[PDB]
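Sequence, then structure. It's an experimental one.
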Amino acid sequence: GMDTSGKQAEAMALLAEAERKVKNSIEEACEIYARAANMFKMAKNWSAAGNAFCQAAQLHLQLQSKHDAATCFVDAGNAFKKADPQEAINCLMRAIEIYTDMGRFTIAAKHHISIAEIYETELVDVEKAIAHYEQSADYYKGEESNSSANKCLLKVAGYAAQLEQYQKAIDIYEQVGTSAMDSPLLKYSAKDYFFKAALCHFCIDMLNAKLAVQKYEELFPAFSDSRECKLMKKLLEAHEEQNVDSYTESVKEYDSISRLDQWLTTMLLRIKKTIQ
Amino acid sequence: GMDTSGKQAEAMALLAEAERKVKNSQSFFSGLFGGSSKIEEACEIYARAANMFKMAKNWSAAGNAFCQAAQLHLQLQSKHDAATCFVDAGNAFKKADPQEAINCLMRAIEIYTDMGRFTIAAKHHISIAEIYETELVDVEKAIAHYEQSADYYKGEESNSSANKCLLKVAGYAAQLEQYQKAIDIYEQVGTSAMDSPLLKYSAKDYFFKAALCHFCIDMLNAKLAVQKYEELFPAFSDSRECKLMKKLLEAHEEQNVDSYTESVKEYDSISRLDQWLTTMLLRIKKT
Amino acid sequence: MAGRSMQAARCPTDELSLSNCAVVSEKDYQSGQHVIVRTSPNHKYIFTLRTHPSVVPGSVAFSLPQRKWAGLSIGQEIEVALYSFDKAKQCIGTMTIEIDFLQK
């Protein structure tokens, strides 16, 4: 349709006009660049719109402007998000650096979360996602935003248990559960976290899991009443006899009563495989 | 990692440069009368030093820089930025040194209330009460701060926020074995909350607590108070609370400790009990 | 002698598990050496050492019966100090032992 060709031609004309204006040597050039990038965005030419945005941001930063420069850098980053993830990462890193320089820690943490998200979803990398999530959690905890920090720590612990050693998962789950028990609204969920921790201990050895569950049961009396406690006690007893059939029966019955996360399935499969 | 050493070294260098700048500022003013450009620039360096120190996880240095900047900008007659930096100290020294954060927040509160900005003063008072409560068991100061914040909020006509402060004050006072204040606050809030559409569902709970807080005084007045509450809020009868109180009263009327304990255990089994309720029930059972 | 801290390990071999001797690294102790293991102020358990090459220095391997009797868990930290008997008074003359089939 007319949109593609017309907007592309107008964008090229505006880019040439801004280039000529700077060739005379200034805010007018930045305005022309911003308008041309906007029309590029309308034209669906996702690529090369971030290029114009970056050029405008650099030109504006040339005259000591930092706020609008950071906003346009973030704009170019999100524009490149779909067209080119790597340059989106770079633009977001620049914006994070500047925002941290002015000390707007919430914006930096949000951008770190976005960076971790793009890294984990499109590209394949867990360590970078873990580091970015940890940085965002540290920023938020410094800003005492407890819920976001808890979410980030839970995600990091989940990934660490998924691939990394279980000590990080043990620590994070224990800390989060301990913080959660006292909370009036959140107390009900606390059990969950504790349960997860216990399972990770089982991956190391049965005796470590036994001592950990004993300590948790002592610490949290309600945990004794949890169906989870009964399930782990039964599973540990079955494992202690090298009897796989009881293991399978208990797992199947528990799944029948309630569906599985597919994380518990993975951990239980790992534990069963090592029963020998 | 590199962060600690690098940030520390750069922050020390920048802070020393700022100290030299402020040292030379007096000579510049005496010889040329440059104005406040040097002082403003020094304050900028100091604020940057504080923020970098915060990034470097060195909270004490950041708090010291914030306090210095507060003092310097207050010396420039800018009480608003001085109060902002006083609150910066209050929130930076909060973890490094709670005591310093206390006086910083008092200074900020005084500055703010000087202009009549009561909401910010009440928020700071609430923060200070939280600081007192979380670390120290000096309940009395927490009660005083909460009462002051509640009075400020009531003076601002912002209801539903002074209410929570009054509930906290009453709950803490009930722990000190002074029941009249707790009874009065609980009954007042309950009677206020009956009529609210959204809060109505919760109102019943308050009455329960009051009656329990009225239980330690003596059995007979608790019975009559139960009658008074029930006639005013007939729906209260439906709640399990009335049944539990009636059963406990019947058990205690004949010194039947076993029945009282069994009923308490059953109710806890159905729904886990709170530490406050557990303590109150244990105190009542002593009789 | 004064006692050192380390991490409990798993018994390396079935024979050593049957020996009922705490398996140690040659670099840490010697075969026949005798120790007292502290897990807490009120928990002291008495063991005899036997060296095995596979033991990592700074760790001692214990069998499942030893772990259960002493309540020792793999990866837990424990202190251990060389203990010497008073053979003039602690040498054993008679042992009444309760025996049962290990596996039903």
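Arrived safely. Numbers count the residues shown, from 1 in each chain, chains lettered A, B, ... in the order given.

tell me the strands in the stretch 1-150 of chain A, going along the chain?
Using DSSP state E, counting those that start in this stretch, the stretch 1-150 of chain A contains no strands.

again with chain C
Using DSSP state E, the strands found in chain C span residues C:4-10, C:22-24, C:34-40, C:43-51, C:59-62, C:77-82.

how about the residues of chain C near chain A?
Remark: the part of chain C in contact with chain A comprises C:67, C:73-75, using CB under 8 Å from any CB of the partner chain. No exception for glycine: its C-beta is placed from N, CA and C like everyone else's.

Filter these down to just the buried residues.
C:67, C:73-74 (16 or more other CB atoms under 10 Å in any protein chain shown).

Pipe those residues into a markdown table and attach distance to residue C:6 per row.
Listed next are these as a markdown table, based on distance: CB to CB, whole Å:
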| residue | distance to residue C:6 |
| --- | --- |
| C:67 | 15 |
| C:73 | 13 |
| C:74 | 12 |
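
Residue A:155 and chain B, how far apart?
22 Å (CB to the nearest CB, to the nearest Å).

could you list every residue that touches the nearest residue in space to that residue that is not next to it in sequence?
Once flanking residues are discounted, residue A:155 sits nearest to residue A:133: 5.7 Å by CB to CB, 6 or more residues apart in numbering or on different chains. With contact set as CB atoms under 8 Å, 6 or more residues apart in numbering or on different chains, residue A:133 has these partners: A:112-113, A:116, A:152, A:155-156.

Tell me which entries of those lie within helices.
A:112-113, A:116, A:152, A:155-156 (DSSP state H).

how near is the residue nearest to residue A:155 to residue B:134?
27 Å (CB to CB, to the nearest Å).

swap in residue C:22?
Counting by CB to CB, the gap from residue C:22 to residue B:134 is 47 Å.

Please, where are all the helices along the stretch 51-200 of chain A?
Taking DSSP state H, counting those that start in this stretch to define them, one finds helices in the stretch 51-200 of chain A at A:67-83, A:85-102, A:105-121, A:127-142, A:146-162, A:166-182, A:190-204.

In contact with residue A:171, which residues?
For residue A:171, the contacting residues are residue A:157, by CB under 8 Å, 6+ apart.

again, 10 Å this time
Residues counted as contacts of residue A:171 (CB atoms under 10 Å, 6 or more residues apart in numbering or on different chains) are A:153, A:157, A:160, A:197.

out of the residues you listed, which are buried?
Among those, the ones that count as buried by 16+ other CB under 10 Å are A:153, A:157, A:160, A:197.

Pretty sure the second one sits against residue A:177.
No. Using CB atoms under 10 Å, residue A:157 is not in contact with residue A:177, being 11.0 Å away.

any shared contact partners between the two?
With CB under 10 Å, 6+ apart as the test, residue A:157 and residue A:177 both reach A:193, A:196-197.

Tell me the residue of the stretch 1-150 of chain A that sits nearest chain C?
Of the residues in the stretch 1-150 of chain A, the one nearest chain C is residue A:130, at a distance of 23.7 Å by CB to the nearest CB.

burial count for that residue?
22 (other CB atoms under 10 Å in any protein chain shown).

and the gap between it and residue C:57?
Distance, residue A:130 to residue C:57, by CB to CB: 33 Å.

Which residue, other than its chain neighbours, is closest to the closest residue to chain B within chain A?
Nearest to chain B in chain A, going by CB to the nearest CB, is residue A:103, at a distance of 4.6 Å. Of all residues not flanking residue A:103 in the chain, residue B:51 sits nearest, at 4.6 Å (CB to CB, 6+ apart).

Equivalent analysis for residue C:38, please.
residue C:79 (4.3 Å).

check contacts around the one you found.
Contacts of residue C:79 by CB under 10 Å, 6+ apart are C:2-6, C:35-40, C:44.

please redo it, this time with the cut-off set to 6 Å
C:3, C:5, C:38 (CB atoms under 6 Å, 6 or more residues apart in numbering or on different chains).

Kindly report the same for residue C:22.
Taking CB under 6 Å, 6+ apart as the test, what residue C:22 contacts is C:47, C:49, C:60, C:62.

Let's see that with 7 Å instead.
Listed by CB atoms under 7 Å, 6 or more residues apart in numbering or on different chains, the contact set of residue C:22 reads C:47-50, C:60, C:62, C:66.

Can you turn the buried part of these into a PyMOL selection?
Command for PyMOL that selects the buried part of those, burial taken from 16+ other CB under 10 Å:
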select buried, chain C and resi 47+49+50+60+62+66
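
any chance of the contacts of residue C:22 in TSV, plus distance to chain B?
What follows is the contacts of residue C:22, written out as TSV (distance: CB to the nearest CB, whole Å):
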residue	distance to chain B
C:47	42
C:48	46
C:49	41
C:50	44
C:60	35
C:62	38
C:66	41
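
Same list, the helices of the stretch 51-200 of chain A, but as TSV with distance to residue C:94 please.
TSV is the format used below for those (distance: least, CB to CB, whole Å):
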stretch	distance to residue C:94
helix A:67-83	82
helix A:85-102	76
helix A:105-121	69
helix A:127-142	62
helix A:146-162	53
helix A:166-182	47
helix A:190-204	42
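
Look at residue 98 and say how many residues are nearby.
The chain I'm using is chain A. 19.

was after chain C, sorry
4.

do the same with residue A:181
By the measure other CB under 10 Å, the count of residues near residue A:181 is 17.

for residue A:229, same thing?
Neighbours around residue A:229, by other CB under 10 Å: 20.
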